[PDB]
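**Q** Let me begin by handing over the structure; questions about it come next.
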Amino acid sequence: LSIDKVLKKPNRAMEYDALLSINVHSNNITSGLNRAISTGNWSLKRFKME
Amino acid sequence: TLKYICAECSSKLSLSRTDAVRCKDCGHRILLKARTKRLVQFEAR
Amino acid sequence: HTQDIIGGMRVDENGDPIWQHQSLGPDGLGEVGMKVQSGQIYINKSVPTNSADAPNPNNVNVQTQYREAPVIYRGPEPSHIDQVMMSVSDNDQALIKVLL
Amino acid sequence: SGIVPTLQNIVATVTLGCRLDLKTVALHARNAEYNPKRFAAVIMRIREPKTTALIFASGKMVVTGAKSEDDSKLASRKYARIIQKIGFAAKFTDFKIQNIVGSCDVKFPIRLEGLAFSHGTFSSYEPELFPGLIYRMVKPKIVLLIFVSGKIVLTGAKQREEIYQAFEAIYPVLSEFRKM
Amino acid sequence: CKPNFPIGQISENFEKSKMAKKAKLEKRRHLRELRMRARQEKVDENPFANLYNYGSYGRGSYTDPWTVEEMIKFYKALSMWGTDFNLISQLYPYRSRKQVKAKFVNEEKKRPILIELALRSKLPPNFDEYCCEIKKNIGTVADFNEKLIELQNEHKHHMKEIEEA
Amino acid sequence: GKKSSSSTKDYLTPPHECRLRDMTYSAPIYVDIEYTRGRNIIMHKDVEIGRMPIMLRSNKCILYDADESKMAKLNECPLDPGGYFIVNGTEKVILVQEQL
Amino acid sequence: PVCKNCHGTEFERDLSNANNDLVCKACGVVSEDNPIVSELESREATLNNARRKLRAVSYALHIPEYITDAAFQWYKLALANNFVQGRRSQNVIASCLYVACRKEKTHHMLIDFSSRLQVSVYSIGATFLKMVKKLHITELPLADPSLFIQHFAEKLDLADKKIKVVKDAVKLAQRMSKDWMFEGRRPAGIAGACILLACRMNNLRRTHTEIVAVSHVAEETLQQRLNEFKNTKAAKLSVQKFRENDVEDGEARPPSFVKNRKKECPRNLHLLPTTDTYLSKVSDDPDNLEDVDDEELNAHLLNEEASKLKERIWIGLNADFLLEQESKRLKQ
DNA sequence: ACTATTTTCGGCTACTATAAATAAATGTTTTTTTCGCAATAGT
DNA sequence: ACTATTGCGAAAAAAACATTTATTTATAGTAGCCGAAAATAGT
Ligand SMILES: [Zn+2]
Ligand SMILES: [Zn+2]
């Protein structure tokens, strides 16, 4: 969802690099890890089960 | 004094306050207080 | 940008320690080596009173804002400390851990 | 050493009671420079008295590039002498002056982070983006940049006279830091 | 043991430093032949390639240093006109409007006597510029003073048709 | 765990040290990617995307097959079986669930 | 707060017998018994988005959140002081980060912002200048380069003896602080050479690109610092040898007046030249200008037959003189 | 010990940083409102 | 599928508003690119 928001620009489609935008989205994993282990409850989506 | 000592470096550091939290001679970041000089009274039972 | 301070041992009649302050140490951190009884603050802590105020981009009046929130030993029996450590967290925030 | 700060450049704008047309002032001149997408007016470049003429489409004009004050004045009406060629008014009224800049040299190194700690409550700078310090003054309402070789360039002087007592006033605070 | 480049021990993983430094000299070399020609892909990232300093993502470049052949195309045009940057820009086809101004300020500090000679020169010079007058006029030979008039007369006639419609 | 340039084992905080700072005892994940930068496609290695926790006495942790001296240097009891996370201080464990 | 019998101002909560009553020490009358324990929207939306953007690069640059929370109020006041309008939204908040980065005295530089922003340092730094001066920030910490010595060594991935490369470098930096090299120079520039020399004597990590990939400063300006530090004083003693126990001051030579020598009672009231006498030189005839006449600015005039020659190439370069006729007839 | 070339060394050339003006654009910027689309959903 | 029913959906727009448009005054600083020279190693 971040990528096309940049790619809907005429100037920002040639020199644009996507490896910069990695680290903002990387936080969702680790916080999702430690919270799901401290708080022993799991919000599944493909099975929708708690 | 006999001020703050490291965990494994075991180095007496009288580190001035609100300055640092690490130790010298090592990058270690957990600090140990050394025991006082003042006498303490105990029983024998 | 206001921290918390461990100032301690307010003095009275030629001696530092109050009946609460015989085991509070020179730094405010309670001294390893001796017992504690009920009462007898072993960790002093003071917190700024502008805990939710907006930062004023100047330096006008920040000299005395520390109200105390000390840590008092409860329990019906006198115990000792075992030992005390201090460290930092994963983020740069000070950690204090004492064990009785 | 009672040295004098030399003053290098003026700017000075004058109004004109006639609206300036771009066609009849550039097509039959000598130092013709008018690219409208680059800039909306014309510049003259003459090497005596090495000043430059900047005009405006509305009619106004500003002169820049003289060393002395009266050096600008003879330039400002030789510029209008070419305006006397065309049938224009060239009605100049007020010779207002709003920037006269000067550079100096005291020629002994000083500390400047010591004063940035001492007189940091009013004046400050950034080391990485500009190599010198940008100093400010309450009493004359002036700014100025200082350096490390002893050279100080004065900018923003709306009045010529104002920096003469100001440069004397800022001298003791520099000799205050003898880098002990 | 001078501090400028001693080799003095193990120095692990220097080949990625060695391969990039040898490869970044080749960057400018293909850019050199593009400049002289103008006078007339899968790639694998190595971390040390893309490194940036303060000289990055900023306006400015290195102007091609001037030649003695251009001086006679410069001083004589500075002898004919006073200072006209507009037509000398196209005279130096890929040179721009701004560094030819910077060259004029450069020659002021470099040769202060030649520019005053060009200022004092207010006359027809040694009559060799008439070929250089038509060397400018042989490109796209057409009337600019008479034929480039009707185009606005055609276009203002188009407005009256719109006003009619 | 490790990169492909260094190819060392790792450099890791000790878990007995990590439990004394209320930190997560975790290991980073490295990915290798290729994409279209522009005129040319480009392949880049060893991209940090997160740090997953590892339970001790695994083959990926530093407590794998010690000799009571490295573990004595890491002041850890060899009679501890292990098998549990040291996320942000506390030590928890997954219980073995079941269904039909 | 006030007793009913002694009117004392000191109250003491007794927890000795788990009753938690409130009582003064003066007379002993209880104060209280049975304690009762506690068991615009467009302005809102434009900070809700700005909250997301502060959280974004803080996750990228590993910024701990007591800066990002603190930096929002720095953005909050300049939101009120009309600093946001006109300027780019991405540009203004990154300048707002470095304020709290400086006040917290962190290792974080400024080009780490702009490299992700893919702009110049002078673009993001320009609005940084107008932020501090307009919003009356007087006190500020200095960019101490000694913090960078500690922080560079970890991503450099050097040998396990990474304490002796730093303890010697900080003693080099204290020796460097006494030396007159960095006075108006770059903080990351001079801090990018002491690490180069500290690891020199122990290892061969110096490849003049690995440290450029860390310090983000060019190779030729740090080699300039290698030649500058060697030739000030007593460095020839420690070029080859001489364990780092030197305690000296040496001569004080910043390189700026070194170039200046290569080139070679108070003041009175009316001793300096005035300005009104210059105003009185030329007569101020407002319409007339024939008192400054000459012969060459009188001759500063067209070539009469060559106005056809001038306008030919003046309109031979036409693109913008042509479309203005096109645009004006389209305006009708 | 000649031939060749890669350090070795400035040289060049640039170029933000300075106010203090103009000044025709010239970016946007948030706020706002519209106007069009396709989307859903029954016909 | 034709039509109906609807919220979205991008796009205008509006006012503000700081931003470039060129001038010249230096000073030291990088910073990039360039021979210029000069060591310097292959042969
Ligand atoms: Zn240590
Ligand atoms: Zn009472």
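Residues displayed in chain G correspond, in order, to Swiss-Prot positions 2-40, 73-297, 438-505.
This entry, so its header tells us, was determined using electron microscopy, 5.5 Å.
Using the three backbone atoms N, Cα and C, a Cβ is placed for every residue, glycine included.
Annotation source Swiss-Prot lists Zn(2+) binding site at G:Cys4, G:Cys7, G:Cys25, G:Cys28, citing sequence analysis. What Swiss-Prot records for G:90-166 is repeat '1'. Annotated repeat '2' per Swiss-Prot: G:185-264, in sequence order.
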**Q** Using DSSP, what is the helix/strand/coil residue split across the repeat '1' (G:90-166)?
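**A** Within the repeat '1' (G:90-166) the tally stands at 55 helix, 0 strand, 22 coil.
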**Q** Measure the Cβ-based neighbour count of G:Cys28 (Zn(2+) binding site), defined as the other Cβ atoms within 10 Å of its Cβ.
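**A** Summing over all protein chains shown, G:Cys28 (Zn(2+) binding site) has 12 other Cβ atoms within 10 Å.
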**Q** Which entry in the list of binding-site residues, G:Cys4, G:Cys7, G:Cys25, has its Cβ near the fewest other Cβ atoms, using 10 Å as the limit?
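**A** Minimum Cβ neighbour count within 10 Å, taken over the binding-site residues G:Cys4, G:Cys7, G:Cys25, occurs at G:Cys7.
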**Q** Sort the residues of the repeat '2' (G:185-264) into helix, strand and coil with DSSP and give the three counts.
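**A** Its residues divide into 48 helix, 0 strand, 32 coil.
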**Q** Report, in sequence order, every one of the binding-site residues (G:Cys4, G:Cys7, G:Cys25, G:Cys28) having a CB within less than 8 angstroms of a CB belonging to chain F; if no such residue exists, report 'none'.
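**A** Cβ contacts with F: none found.
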**Q** What other residues of the same chain, not counting G:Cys4, G:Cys7, G:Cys25, G:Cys28, have a CB atom within 8 A of the CB centroid of the Zn(2+) site?
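**A** Near the Zn(2+) site, the remaining chain residues are G:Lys5, G:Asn6, G:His8, G:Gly9, G:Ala27, G:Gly29, G:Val30.
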